[PDB]
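Chain identifiers are assigned alphabetically (A, B, ...) following the order of the sequence lines, protein sequences preceding nucleic acid strands; residue numbering begins at 1 within each chain. Just follow the structure's listing: the first ligand is 1, and inside any ligand the first atom is 1. Computation of the quantities below employed the complete heavy-atom set of this structure, encompassing side-chain atoms and omitting hydrogens, waters and symmetry-equivalent molecules.
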2 protein chains.
Amino acid sequence: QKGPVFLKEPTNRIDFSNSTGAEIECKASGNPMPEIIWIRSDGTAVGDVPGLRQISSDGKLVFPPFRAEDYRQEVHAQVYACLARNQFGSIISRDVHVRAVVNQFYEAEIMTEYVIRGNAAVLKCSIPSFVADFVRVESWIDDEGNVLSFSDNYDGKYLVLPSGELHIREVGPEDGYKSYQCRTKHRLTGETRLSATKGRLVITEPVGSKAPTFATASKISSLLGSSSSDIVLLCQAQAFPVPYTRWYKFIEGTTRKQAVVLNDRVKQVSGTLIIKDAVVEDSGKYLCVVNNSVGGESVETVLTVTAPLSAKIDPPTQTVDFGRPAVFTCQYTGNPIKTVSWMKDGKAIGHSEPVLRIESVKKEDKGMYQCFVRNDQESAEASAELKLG
Amino acid sequence: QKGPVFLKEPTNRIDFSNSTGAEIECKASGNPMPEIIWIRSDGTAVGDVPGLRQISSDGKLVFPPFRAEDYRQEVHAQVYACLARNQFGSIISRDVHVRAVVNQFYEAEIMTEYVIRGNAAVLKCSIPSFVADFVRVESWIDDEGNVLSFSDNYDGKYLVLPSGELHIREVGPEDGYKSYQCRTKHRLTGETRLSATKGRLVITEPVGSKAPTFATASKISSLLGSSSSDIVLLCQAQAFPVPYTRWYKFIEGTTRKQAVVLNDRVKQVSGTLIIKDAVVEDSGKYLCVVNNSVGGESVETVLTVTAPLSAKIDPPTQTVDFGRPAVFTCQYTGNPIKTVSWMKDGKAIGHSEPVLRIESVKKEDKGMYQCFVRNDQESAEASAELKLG
Ligand SMILES: *[C@@H]1O[C@H](CO)[C@@H](O[C@@H]2O[C@H](CO)[C@@H](O)[C@H](O)[C@H]2NC(C)=O)[C@H](O)[C@H]1NC(C)=O
Ligand SMILES: *[C@@H]1O[C@H](CO)[C@@H](O)[C@H](O)[C@H]1NC(C)=O
Ligand SMILES: *[C@@H]1O[C@H](CO)[C@@H](O)[C@H](O)[C@H]1NC(C)=O
Ligand SMILES: [Cl-]
């Protein structure tokens, strides 16, 4: 009656501690009921590995908890996929990146910040890059035990920025007597840690006027953020007299720009711009302009706001006579889209355009067709069926 | 007999400690000998300020040492210039940016670096931005008292990069037992200090293979350098297995690129590119490509190489009969060049062109002529004389 279609596909990322294990499942419907087969990205069948990988009676793929000694790259750091098939044909799921994570040595560090009186301070909880996908800032704590937490109230002396930095407005001599530690949390184990080093501010009292200067000399950077997150664009400059900061956004591919419009969603916290509930349209090149009496400096930031990938094929099914063409159009959403690719019954077609054309249909052209859209973080698939007239 | 010409102008920038003070001189030849006045940016006359600004004995401008309480912007943060004149005419020198810098306390710090075994490590002496113009790396020293200095020998385990970072090739577990400090020099006070924190490397041994990853997620940066310096382009990537690194330069205004040609001048140290004895032509957009068996990653760096401004006029002196044409050619070198302007006996002309033509000389056109070339940071002048026949 109908070829297979996925109901439930496992997600793109399956991250887990060796102490927890994981399970992934795949569901597909069709008539007859499709068979469910676990494969690797290269199409090869996956079987059990005693103690480490198990295909269950109901077709789940299970990774039991395991000793670090028993870690195996080809099991625990591996792209899998689910294959569903019946007599009409086969479809393969989006990529499933299985990543088991063992404990690692890490120590967070807080560089000392020198900050001119009246200017904003930004303390950073430096987390080693090789644990940073899992270990993130949970909160900050001052030397008295006051806890500073993520908050939607941006109008206070203190703000833990969504990106984890501690922002301190309008620093005064009293702010240099306080010290701060950052509490980090491992999202796979739940383990929290408080940085051993006490983060310090030194508050300077310059006598000469100082034109604005940024923390670093580079005048351009790129930033990636995801849709529906609160994206932080820093602008770490200082000056005496205290500077004013204004943000602009360039019209794509031009030398002209518009002042950013601050409102309930797009906020400025001293020099820092926070784009709340981000959407793909917030993408673009931003300009932070900092001026005082003595001069001005400007820095650019290229923001890319990503969105979850998805795809569909127009039409879901078509019945085409012999000798006549079959055409499939991959309709996709999300951002970025790096590649589009096509499959027929679980095997690649050498086509990377969004419209797949089969010029003259034959008997062996029938079956299941798929387009896959991919970027660095994500993949999505759509399936369609070709019947014979 | 002849109009004034500068034998000696002071440098575009005159930075000094309040403890040191400073003195600047102008010398000019001429017959009769030219008098030498000091003027302010706006061409106005500069007079003595007791204990802060004096014309001392032989006519140079003197800023004695002073206490922070005595600081005054009108004296200590000011563009000056030299005005030399006699019977035949007047010339004005290049801008002299005088900046007195009242001493401040500072410390440098070194972040601890996590490095995959076999990869290159780069330790950074982090100098606060408010003193970065005056404080740079002098040397590094380890826990055993071994000292590492700048060297033209790029081939050892260790290299202090020209930009001050400590580079360590091919790190192994042994390298994790050492700790490092940087010694910095303040060029205004002459002071040297050891860093407030020690740097160390944590050598990691990944459980599986790891595609190349960079120190930060930013895909682009900018870098400013000066002609004749050794310019360092970092490419701080790690991978497992240890990756290989290739450098390219984009063809200006295109998507296309060419591999960097390594020779006696342009060198590669592991992943790091060093362009020695830089020239303006080295400017452009560079691409660092990092690969290993599991993947590849790339990052862009926009380099600008400046060149010092200078100017000369052709001819230095010319005697012209009445009603005949007088021509001056302003030859100049440097990068960038934002403005070209002309001056006559210390007064601006409405001429923006490098060639000044006078096609029917009067009595009044006699005197001294100057062309000025400027950018946002720098200026240069040249003088010529017009005598009548
Ligand atoms: C230059 O200015 C600094 C102040 O910014 C002076 O240095 C301070 O001198 C006091 C003594 O009055 C010491 O207690 C401080 O430790 C010094 N501070 C620093 C940062 O060095 C210095 O005396 C001034 N120079 C002159 C000639 O007055
Ligand atoms: C502010 O700084 C910019 C440089 O980023 C400069 O172009 C502009 O002139 C400055 N504003 C004023 C009023 O000087
Ligand atoms: C190196 O990685 C880049 C991506 O940064 C990729 O374009 C290129 O194909 C890779 N080179 C090789 C030889 O694999
Ligand atoms: Cl296996």
Item to check | Heavy-atom closest contact (A:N375 atom, A:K338 atom, distance) | outcome: CA-CB, 3.9 Å
Item to check | Any protein heavy atom < 4.0 Å from atom 5 (O) of ligand 2 | outcome: yes
Next on the checklist: Under a 3.5 Å threshold, yes or no: a donor from one side chain and an acceptor from the other, between A:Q268 and A:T245?
Outcome noted: no
Checklist entry - Would you call A:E297 and A:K219 a salt bridge, taking side-chain N to carboxylate O under 4.0 Å as the test? => result yes
Checklist entry - Which of the atoms in ligand 3, numbered in the order shown and given with their element, are less than 4.0 Å from a heavy-atom of B:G296? => result 2 (O), 4 (C), 5 (O)
Checklist entry - Between A:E381 and A:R94, is there a side-chain N and carboxylate O pair less than 4.0 Å apart? => result no
Next on the checklist: Could you tell me, atom by atom, which parts of ligand 3 come under 4.0 Å of a heavy atom of B:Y244?
Outcome noted: 13 (C)
Checklist entry - What are the atoms of ligand 3, with element, lying closer than 4.0 Å to any heavy atom of B:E297? => result 5 (O)
Checklist entry - Is a salt bridge present between A:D15 and A:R13, judged by a nitrogen-to-oxygen distance below 4.0 Å? => result no
Item to check | Which of the ligand 2 atoms, numbered from 1, are nearer than 4.0 Å to a heavy atom of A:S298 | outcome: 5 (O)
Item to check | Within-cutoff protein neighbour (heavy atom, under 4.0 Å) for atom 2 (O) of ligand 3 | outcome: yes
Item to check | Heavy atom of protein closer than 4.0 angstrom to atom 11 (N) of ligand 2 | outcome: yes
Next on the checklist: Please check whether B:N291 reaches ligand 3 - meaning an N/O of the residue sits under 3.5 Å from an N/O of the ligand, judged on distance alone.
Outcome noted: yes
Item to check | A:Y71 and A:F66 aromatic ring geometry - parallel, tilted or perpendicular at 30°/60° bounds | outcome: tilted
